[PDB]
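Residue numbers (PDB author numbering), protein chains in the order written: chain Y, 30 to 242; chain z, 36 to 257; chain X, 35 to 245.
Report on the following structure.
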Ligand SMILES: CC(=O)O[C@H]1CC(C)(C)C(=C=C/C(C)=C/C=C/C(C)=C/C=C/C=C(C)/C=C/C=C(\C)C(=O)C[C@@]23O[C@]2(C)C[C@@H](O)CC3(C)C)[C@](C)(O)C1
Ligand SMILES: CC(=O)O[C@H]1CC(C)(C)C(=C=C/C(C)=C/C=C/C(C)=C/C=C/C=C(C)/C=C/C=C(\C)C(=O)C[C@@]23O[C@]2(C)C[C@@H](O)CC3(C)C)[C@](C)(O)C1
Ligand SMILES: CC(=O)O[C@H]1CC(C)(C)C(=C=C/C(C)=C/C=C/C(C)=C/C=C/C=C(C)/C=C/C=C(\C)C(=O)C[C@@]23O[C@]2(C)C[C@@H](O)CC3(C)C)[C@](C)(O)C1
Ligand SMILES: CC(=O)O[C@H]1CC(C)(C)C(=C=C/C(C)=C/C=C/C(C)=C/C=C/C=C(C)/C=C/C=C(\C)C(=O)C[C@@]23O[C@]2(C)C[C@@H](O)CC3(C)C)[C@](C)(O)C1
Ligand SMILES: CC(=O)O[C@H]1CC(C)(C)C(=C=C/C(C)=C/C=C/C(C)=C/C=C/C=C(C)/C=C/C=C(\C)C(=O)C[C@@]23O[C@]2(C)C[C@@H](O)CC3(C)C)[C@](C)(O)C1
Ligand code: KC2
Ligand code: KC2
Ligand code: KC2
């Protein structure tokens, strides 16, 4: 699937897996499971990177004028804003994304909607609607307003291709932002905004230090 | 009632708006009970809230303009000129607790299977009439009047007039739930209702706080 | 209206220009409706923008000339020599809300398919006449003077005259948006529109689209 998909994404280059990562048999789950996991990982990273790019650009200039967000400046690094955020807010955000992730991982639910797990014939990135949830669920994650629920089939794959490419571009973009943030001059022509000095992969560095470190 | 009955009711309340449930409470099965009973509970809730809100609108106008009873000591004890939300907070808590328990006795009377089936109706969730209130015929002790029409008026009303009146009840309730909350929101949040700026006296307390002293932590006794 | 009819209508609007659609918005499915629906929505949007822009051109002139009624207190009390935007911004907040809420009710009435179907029309996306504002027959209380043509000067007009009038509506509104936005631009960034520079478009120092 990866060869044909790569040619669809960029037919000139065709296929470039220089490290043969598809060939490597991840967790001994089979090459098909490697392909499924890798495609789902690329899509997950692309979605989160696209959102993180837009969110970084927004947070560098605007904050919500109600508390606790009104107290944060916008003239600092967005990573610094996250660092200042209260410990409870950090844990709650991470727990909410954990809910979305474990709901995506729940086999019974996406099986209800007619999908399998991403590494066994599951089309990568089919998030489920919150119908199996217990109490009222007014909206969903994908197509929350049900605007384009009746989309076109060929459009439903052209959009996947565009999503993959835009996700790749956003991966490199958000990481360029983080690079210039924690290392000034890391991305030339980007050294204009924010130079916080701390690890962005430390969700609770401001709160606590894990023992042993 | 069925969802078809709700659609008909909505199209009779407002032909243009029609059935306008965008959150699907009419479809969510409440407590696992059938749609015909969730519709009953939701419709009874709409009627009841509209009732209480219409009464609350008139009462808020009465309290803000200090039209008080002339021959009671509690009203005299409450200071004059207060905001209508504060005219509730300045009362002895024992009177609040008796207003609330009066509503409790009345809403225990209403939902009673025996009284309803003696008078002929059933519960609003059991296919009965939503927004009905049984009279005090099976009461332990005699009492002079019922709640709905303590006097005789509408004892000889046509079913057409009753249907028109129930439609007007639902519509006026929908409007009064918004008018009374406009009063409360302008009182506790100035410049929230744009048209009442400088009309509704301001207020600082919580209108969703019935008793001054917290009953769950430290009540007061008399 | 189908896209062939859209090309035809563009030709009637201007034989020379034709179907100038550089963004191809007509060939689309907004919110997943049909192409005919997208055409209906775009047509209603164009007609409504032209209508509001035509009224806004007249209103901007009328305000810039400080022409105010001889019976009102609010306008007569409001300061004179102001720009139209300053005049709107110093209008009372309640007055602004009544204006916007009546416009809201008119939009609701226009969109309401029950009323259009009672009058033998449909919603514009679902196949119908774009820009038709229904009468007020269905109102709870029987008002006089329906919105379009309250006194009834076009009741006996012919279909051909009406089609010509709709084409004129679209084109005149097309330049009306340009004119009103020229006034707003000249009150904002000076020298945006050269020609008005002599008349002295009353400068305004706020973002109009932020009530
Ligand atoms: C310095 C130098 O020399 O080089 C570089 C260095 C470096 C760091 C790489 C740089 C960078 C950063 C870059 C270029 C970053 C790019 C980021 C990128 C590419 C960000 C995409 C976001 C997309 C989103 C949020 C999509 C939402 C999409 C949504 C919400 C949808 O509605 C989905 C949708 O499918 C539906 C459901 C319906 C369909 O009808 C179609 C649509 C789409 C509507 C520099 C500085 O610029 C230059
Ligand atoms: C800002 C300021 O200063 O002032 C502002 C703020 C302030 C004071 C707050 C204001 C106010 C008043 C407001 C906003 C009041 C809000 C009141 C509100 C929102 C009251 C909910 C009651 C819910 C109940 C009883 C739930 C029962 C729940 C029960 C019994 C259930 O079983 C639930 C159920 O789900 C289960 C468990 C299973 C399902 O199968 C079935 C259902 C769904 C039934 C003002 C006027 O805006 C002014
Ligand atoms: C402003 C001012 O100062 O004005 C002045 C004006 C003026 C005229 C000078 C004055 C006066 C005189 C007035 C106003 C006199 C009023 C007299 C009045 C109103 C006298 C009622 C009697 C009722 C009785 C005995 C009840 C029996 C009750 C019995 C037998 C019952 O068991 C009743 C009951 O059986 C029912 C009905 C039905 C059952 O279900 C329930 C029960 C079993 C409980 C005042 C006071 O000075 C004030
Ligand atoms: C801000 C902006 O821009 O806008 C707005 C915002 C806001 C806040 C909404 C505004 C407001 C005010 C509003 C809309 C207020 C609405 C209030 C409302 C809707 C109040 C109904 C009471 C009904 C009662 C008490 C009925 C009793 C009826 C009873 C007890 C009956 O006897 C019924 C009856 O059937 C019987 C049993 C027998 C029959 O013979 C017939 C009759 C009728 C006798 C403003 C200020 O205007 C501006
Ligand atoms: C060739 C070229 O260059 O482009 C190509 C490509 C491109 C761009 C894709 C194309 C296009 C489309 C175009 C050009 C579209 C333009 C649309 C445009 C320009 C639309 C304006 C609407 C204005 C409204 C609704 C105003 C309301 C105004 C109102 C309600 C008011 O402000 C009222 C008021 O002011 C008064 C009257 C008096 C004051 O006291 C108070 C205020 C201020 C409140 C074309 C056609 O293919 C051509
Ligand atoms: C941060 C969130 C996020 C972003 C920024 C983002 C952007 C883009 C872009 C880029 C501009 C395009 C063009 C695009 C297109 C499509 N997205 Mg997508 N998307 C996000 C999230 C999700 C989720 C959760 C799902 C999803 C889906 C689809 C499908 C459906 C295909 C089908 O069902 O056939 C199509 C066509 C569903 C799916 O399964 O995709 C594999 C699904 O559940 N997306 N998506
Ligand atoms: C403070 C509360 C309150 C208010 C503000 C209020 C307002 C209005 C308005 C508004 C303009 C109209 C037009 C209206 C009309 C009718 N009301 Mg109503 N009403 C209140 C309370 C009660 C109670 C307790 C009952 C009741 C009823 C009826 C019936 C009988 C129908 C039937 O017998 O078929 C009709 C026609 C009885 C019932 O059974 O309603 C289903 C009943 O028990 N109402 N009611
Ligand atoms: C402020 C707003 C406004 C302006 C500035 C404006 C200007 C012009 C001009 C410019 C010189 C012309 C030439 C013109 C012509 C026609 N207008 Mg028009 N119009 C405005 C508003 C409305 C509304 C609300 C309606 C309407 C209509 C018609 C019909 C009827 C056709 C028919 O009955 O078949 C014709 C011929 C009605 C309709 O059906 O429009 C689809 C209708 O409801 N107009 N209109």
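All C-beta atoms, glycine included, are put in the ideal place defined by N, C-alpha and C.
Could you tell me which uninterrupted alpha helix (DSSP H) segments, each at least 4 residues in length, are contained entirely in the region 37-73 of chain X, listed from first to last along the chain?
-> As far as the region 37-73 of chain X is concerned, its whole alpha helix (DSSP H) runs of at least 4 residues are 37-47.
Which residues bound the alpha helix (DSSP H) around residue 84 of chain z?
-> Within the second chain, numbered from 1, the residue matching residue 84 of chain z stands at position 49. Unbroken alpha helix (DSSP H) run through residue 84 of chain z: 70-99.
When the Cβ atoms of the region 218-229 of chain X are set against those of the region 73-87 of chain X, are three or more pairs found closer than 8 angstroms?
-> The answer is no - the region 73-87 of chain X does not touch the region 218-229 of chain X, with fewer than three Cβ pairs under 8 angstroms.
Less than 8 angstroms between the CB atoms is what I'm expecting for residue 133 of chain Y and residue 157 of chain Y, so what's the real figure, rounded?
-> Along the first chain, read from residue 1 onward, the residue named residue 133 of chain Y stands at position 104. Along the first chain, read from residue 1 onward, the residue named residue 157 of chain Y stands at position 128. The beta-carbon separation of residue 133 of chain Y and residue 157 of chain Y, rounded to 7 angstroms, stays under the 8 angstroms limit for a contact.
Please confirm whether any heavy atom of ligand 4 lies closer than 7 angstroms to the CB of residue 186 of chain X.
-> Within the third chain, residue 186 of chain X is the residue found at index 152, counting from 1. Between ligand 4 and residue 186 of chain X, a heavy atom-to-CB distance of less than 7 angstroms is absent.
Rounded to whole angstroms, what's the CA-CA distance from residue 167 of chain X to residue 139 of chain X? Just pull it up for me.
-> What you label residue 167 of chain X is simply residue 133 of the third chain in a count that begins at 1. What you label residue 139 of chain X is simply residue 105 of the third chain in a count that begins at 1. C-alpha separation (whole angstroms): 12 angstroms.
Is residue 224 of chain z near ligand 3, going by C-beta to nearest heavy atom under 7 angstroms?
-> Here residue 224 of chain z is taken as the residue at index 189 of the second chain, counted from 1. Not a single heavy atom of ligand 3 lies less than 7 angstroms from the C-beta of residue 224 of chain z.
Please name the residue in X:180, X:211, X:130 and X:202 whose C-alpha comes closest to that of residue 170 of chain X.
-> Your numbering for residue 170 of chain X matches position 136 in the third chain. That would be X:180, whose Cα lies nearest to the Cα of residue 170 of chain X.
Supposed contact pair residue 177 of chain Y and residue 234 of chain X - C-beta distance, whole angstroms, cut 8 angstroms | Here the question's residue 234 of chain X lines up with position 200 in the third chain. Here the question's residue 177 of chain Y lines up with position 148 in the first chain. Actually they do not touch by this definition, with Cβ atoms about 49 angstroms apart.
Residues of the region 88-104 of chain Y with a CB closer than 9 angstroms to any CB of chain z: list them in chain order, please.
-> Contact residues of the region 88-104 of chain Y toward chain z are absent (C-beta to C-beta distance below 9 angstroms).
Opening and closing residue of the alpha helix (DSSP H) in which residue 205 of chain X lies | The residue labelled residue 205 of chain X in the question sits at position 171 within the third chain. 193-221 is the span of the alpha helix (DSSP H), which, as asked, contains residue 205 of chain X.
Local Cβ density within 10 Å of residue 124 of chain z, reported as buried at 16 or more and exposed below that = If you number the second chain from 1, residue 124 of chain z lands on position 89. Buried, because 16 or more other Cβ atoms sit within 10 Å of the Cβ of residue 124 of chain z.
Any non-hydrogen atom of ligand 5 closer than 7 angstroms to residue 132 of chain X Cβ | As a first step, residue 132 of chain X is located in the third chain; it is residue number 98 there, counting from the start. Checking the Cβ of residue 132 of chain X against ligand 5 gives no.
Does at least one heavy atom of ligand 7 sit under 7 angstroms from the Cβ of residue 236 of chain X?
-> Position 202 of the third chain, counted from the start, is the residue given in the question as residue 236 of chain X. Not under cutoff, so the answer is no.
Beta-carbon neighbours of residue 62 of chain X, restricted to chain Y and to distances below 9 angstroms | Start at 1 with the first residue of the third chain, and residue 62 of chain X comes out as number 28. Within chain Y, no residue comes near residue 62 of chain X; the closest Cβ sits about 11 angstroms away, beyond 9 angstroms.
State yes or no: is the C-beta of residue 128 of chain X within less than 8 angstroms of the C-beta of residue 207 of chain X?
-> For the purposes of this step, residue 128 of chain X is identified with residue 94 of the third chain, where counting begins at 1. For the purposes of this step, residue 207 of chain X is identified with residue 173 of the third chain, where counting begins at 1. The criterion of a C-beta distance shorter than 8 angstroms is not satisfied by residue 128 of chain X and residue 207 of chain X.
Which stretch, first to last residue, makes up the alpha helix (DSSP H) that contains residue 79 of chain Y?
-> Along the first chain, read from residue 1 onward, the residue named residue 79 of chain Y stands at position 50. Boundaries of the alpha helix (DSSP H) around residue 79 of chain Y: 60-88.
Secondary structure of residue 128 of chain z, DSSP reduced to three states | Against the second chain, residue 128 of chain z aligns to sequence position 93. Three-state DSSP puts residue 128 of chain z in a helix.
For residue 57 of chain z, the nearest candidate out of Y:199, Y:175 and Y:233 (CA to CA) | Within the second chain, residue 57 of chain z is the residue found at index 22, counting from 1. Among Y:199, Y:175 and Y:233, the Cα nearest to that of residue 57 of chain z belongs to Y:175.
Do the region 124-140 of chain z and the region 98-116 of chain z make contact, defined as three or more Cβ pairs closer than 8 angstroms?
-> These segments touch.
Looking at residue 138 of chain z and residue 144 of chain z, is the spacing between their C-beta atoms short of 8 angstroms?
-> As a position in the second chain, residue 144 of chain z is number 109, starting the count at 1. As a position in the second chain, residue 138 of chain z is number 103, starting the count at 1. Residue 138 of chain z sits away from residue 144 of chain z, with the two beta carbons spaced by 8 angstroms or more.
Please list the partners that residue 173 of chain Y has in chain z, where partner means a Cβ-to-Cβ separation under 9 angstroms.
-> On the first chain, position 144 is the one that residue 173 of chain Y refers to. Result: empty, since nearest Cβ-Cβ is about 13 angstroms, beyond 9 angstroms.
Who sits around ligand 3, taking every residue whose Cβ is closer than 6 angstroms to one of its heavy atoms?
-> Listed by chain position, these are z:177, z:178 and z:179.
Since residue 148 of chain X meets chain z, which of its residues come closer than 8 angstroms, beta carbon to beta carbon?
-> Sequence index remark: in the third chain, residue 148 of chain X carries index 114 (1-based). By Cβ distance, chain z contributes 50, 51 and 53.
Apply the 10 Å Cβ neighbour rule to residue 255 of chain z and answer buried if 16 or more other Cβ atoms are within range, or exposed otherwise.
-> Residue mapping note: residue 255 of chain z aligns to position 220 of the second chain, counting from 1. Classification for residue 255 of chain z: exposed.
Neighbour-count burial assignment, residue 243 of chain z, 16 or more Cβ in a 10 Å radius = Residue 243 of chain z sits at position 208 when you count from the first residue of the second chain. Looking at its Cβ environment, which holds fewer than 16 other Cβ atoms inside 10 Å, residue 243 of chain z is exposed.
Chain-ordered neighbours of residue 128 of chain X on chain z, where CB pairs are closer than 9 angstroms = Start at 1 with the first residue of the third chain, and residue 128 of chain X comes out as number 94. Using a Cβ-Cβ cut-off of 9 angstroms, residue 128 of chain X is close to 229, 230 and 232 of chain z, given in chain order.
Cutoff 8 angstroms: residue 95 of chain z Cβ touching any chain Y Cβ | Within the second chain, numbered from 1, the residue matching residue 95 of chain z stands at position 60. Using beta-carbon distances, residue 95 of chain z does not count as an interface residue toward chain Y, since no partner is under 8 angstroms.
Continuous alpha helix (DSSP H) stretch holding residue 111 of chain Y: start and end = Along the first chain, read from residue 1 onward, the residue named residue 111 of chain Y stands at position 82. Taken as a continuous stretch (DSSP letters only), the alpha helix (DSSP H) holding residue 111 of chain Y covers 107-113.
CB-CB under 7 angstroms to residue 222 of chain Y, same chain, minus the five flanking residues each way: which ones, in chain order?
-> Counting from one through the first chain, the residue named residue 222 of chain Y turns up at place 193. Around residue 222 of chain Y: 89.
Hey, which unbroken runs of the alpha helix (DSSP H) at 4 residues or more fall wholly within the region 94-150 of chain Y?
-> Correct list: 107-113, 116-134 and 136-141.
Quick one, are the C-beta atoms of residue 199 of chain Y and residue 211 of chain Y less than 8 angstroms apart?
-> By one-based count along the first chain, residue 199 of chain Y stands at place 170. By one-based count along the first chain, residue 211 of chain Y stands at place 182. Between residue 199 of chain Y and residue 211 of chain Y, the C-beta gap is not smaller than 8 angstroms, which leaves the two residues out of contact.
Using the beta-carbon of each residue, which ones in chain X are nearer than 8 angstroms to residue 177 of chain Y?
-> Numbered from 1 along the first chain, position 148 holds the residue referred to as residue 177 of chain Y. Neighbours of residue 177 of chain Y in chain X, taken as residues at a C-beta separation under 8 angstroms, are given in chain order as 65 and 66.
Contact between the region 86-98 of chain z and the region 208-221 of chain z (3+ Cβ pairs under 8 angstroms) = Three or more pairs of CB atoms, one per stretch, sit closer than 8 angstroms, so the region 86-98 of chain z contacts the region 208-221 of chain z.
Just confirm the distance between the C-beta atoms of residue 68 of chain X and residue 221 of chain X, as a whole number of angstroms; I'd bet it's less than 8 angstroms.
-> On the third chain, position 34 is the one that residue 68 of chain X refers to. On the third chain, position 187 is the one that residue 221 of chain X refers to. About 41 angstroms separates the two Cβ atoms, so there is no contact after all.
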